[PDB]
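Here's a solo chain for you in C-alpha cells, the form deposited in one PDB entry.
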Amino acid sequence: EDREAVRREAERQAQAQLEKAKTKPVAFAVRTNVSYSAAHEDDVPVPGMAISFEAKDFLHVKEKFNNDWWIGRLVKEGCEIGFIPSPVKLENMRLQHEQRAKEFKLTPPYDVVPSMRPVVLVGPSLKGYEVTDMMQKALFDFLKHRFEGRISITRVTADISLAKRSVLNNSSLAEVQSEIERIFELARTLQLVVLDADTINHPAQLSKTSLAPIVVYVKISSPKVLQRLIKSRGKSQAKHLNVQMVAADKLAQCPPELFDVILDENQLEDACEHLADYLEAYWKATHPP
C-alpha cells in the first residue's frame, strides 16, 4: 500500500513530463549503433512507455528525464513520445551482456545526426557530365514540385567526403566543416533536405561522416544503354565515354544495402513515383500527429 502510492506519485510526475515534452521541438537526433528491447524492463519511469529499437534506427530526442532516460520518439510512422535509454544505461547493458557471454566454457551507442536525413543522388555515372547531370536534374525538378513548401534543395560544392575524424582531427576543411553545420541547421526545420552534392558519386564517400544520408541510386541497368545515351549527347561527351563507363560499372558492383532507394526504372515518371513514395513515407515518420 505504501509502495503503490510512491510508484503512482513518481509515475504521475514522469507522465506529466512526457506530455510537456510533446510540444517541444526536437533538441537533436541520433542514429543507433546498438539495438535495445524494453522486454523485461522494470525501471522505466512509466511502465510500457520505453522505446525499443534496432541498430541503425533513428530517434528524435526532446528532453532529458534523468541519467538513465531521455524523452523522445523513434523515427517511424505512428510511433509516439516515450522514454529512450541514455547512453550510460545502454553501456551498463553491454557489459552485463559481456559478463554473461564469457561465462561459457562450460562503439558509442548513439551517433548525433541531422534531424532530417539529407537526400543525396548518385549515378548513373559521374557528375559533371551531361548524362548524369541531366538525369539527376529531372529528378530534382520533380521533387521541388511534388514536395513544394516541404523541401529544401541546396547545392554543395565543397568536398564533404572529407568530413571524417581521420581528416578533421589530424576543398578546405574549414569550408567542409562549415557546410556540415549548414546542413544540420537546414534539417532543424524538419523540412526534407535534398543535397545536390558535386563531389559525391559513391555511397562509401559519406559513410564515415555524421550526415547519415538517404542515398538514392539512379541506376541504368544496361551498359550498352548507357553507352548509347552518352553518344547521343555529341562528340565532346562521347570522348569521355570510358571514364563514365568505369564509374557506372563501379557503382553497379555495390551491394544494394548500401543504398536507401534504387531507381532502376527506365521511365522518368516511374522513377519519380518510386522516389516520392519513399519520401512521403519518411515525411510521415518524421512528423507525427
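Start at 1 with the first residue shown and count on from there. Here, rigid core means the biggest group of C-alpha atoms that superpose within 1.5 Å across both forms.
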Which class describes the count of deposited residues lacking coordinates between residue 106 and residue 107: none, 1 to 3, 4 to 9, or 10 or more? 10 or more
Just how many deposited residues go unmodelled from residue 170 to residue 171: none, 1 to 3, 4 to 9, or 10 or more? 10 or more
Stretch exceeding the other in mean C-alpha B-factor - 79-87, 122-130: 79-87
Stretch exceeding the other in mean C-alpha B-factor - 31-39, 233-241: 31-39
Taking the entry's C-alpha B-factors for this chain, is residue 46 in the lowest, middle or highest third? middle
When the deposited Cα B-factors of this chain's modelled residues are ordered and cut into thirds, is residue 277 in the lowest, the middle or the highest one? middle
Determine, from the deposited record, the chain-internal third of the Cα B-factor for residue 183: lowest, middle or highest. lowest
When the modelled residues of the chain are sorted by Cα temperature factor, does residue 260 land in the lowest, middle or highest third? lowest
Where does the C-alpha B-factor of residue 219 rank in its chain, lowest, middle or highest third? lowest
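Just so you know, the form deposited in another entry exists too; it's not on screen, but the next bit is about it.
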C-alpha displacement of 2 Å or more between this form and the one not shown on the rigid core, among 207, 92, 154, 157: 92
Answer yes if the Cα of residue 224 shifts by 2 angstroms or more between this form and the one not shown on a rigid-core superposition, and no otherwise. no
Core-aligned, is the CA shift for residue 284 between this form and the one not shown 2 angstroms or more? no
Any CA movement of 2 Å or more for residue 42 between this form and the one not shown, core superposed? yes
Considering a change of 3 Å or more, are the Cα atoms of residue 42 and residue 86 closer or farther in the other entry than here? closer
Compared with this form, is the residue 41-residue 58 Cα separation smaller or larger in the other entry, the difference being 3 Å or more? farther
